[PDB]
């Protein structure tokens, strides 16, 4: 069956990750394209660990899959000409879309600034939200999550014995992103259209062929699948993953 999930990733060209923590493990395989790395990364039971990122080794044509990303305290980014780093946005996004069903970031305090209780802990609050019973929901550490996609967004059980749970205070991506005038200068991370369609990566020619090759417009900010306004529009836009919608404008508020 078909996939194509590379658009879920943030690329850092000519970049790899170096271990600080000596314990960290990786898995490798000979693979023809970064797209394949991505698909293997997002499909789990595909790897022995939850894959958060991978490097594509362009010289040796191999994927290096990681249970960590660049935000882990146990690693650091380093330059490497033959390597491209790809990090699944779910884990690094600093904001939520809607109810934040996809949120897998590291915010670990409630709206009232209470440190969250670890999901694997029954203390101080006993509960049935065990990581086991919720696969793909990344109920890891004490991170705010919305495993059942409920109104209110990501939440957590709190380390305070008197407050069983509370929602966390994680802004909508729509409130975090903003642009000036028509957004020609916009270099933000908005990556969905104003109707919620997922953007196509500029570095891809599928499903839509286009002239905006990042390498020939190095000044336009054609990174990943972020909405951009390279051609004098009212506002930024992107090609769409919907084969029936070549491109659509994005919704980005004016700064201030």
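Positions refer to the first chain, counted from 1.
With 54-62 and 189-197 compared on mean CA B-factor from the PDB entry, the stretch scoring higher is 54-62. A summary of the deposited B-factors shows that, of 180-188 and 68-76, the stretch with the larger mean C-alpha value is 180-188.
By the numbers in the PDB entry, the CA B factor is greatest at 129 among 143, 129, 165, 91. Per-chain ranking of the deposited C-alpha B factor places residue 225 in the lowest third. Compared with the other modelled residues of the chain, the Cα B-factor recorded for residue 103 ranks in the middle third. Placement of the Cα temperature factor of residue 34 within the chain: middle third of the modelled residues, per the deposited record. Per the PDB record, residue ranking by Cα B-factor puts residue 244 in the highest third of the chain. When all modelled residues of the chain are sorted by CA temperature factor, residue 154 is found within the lowest third.
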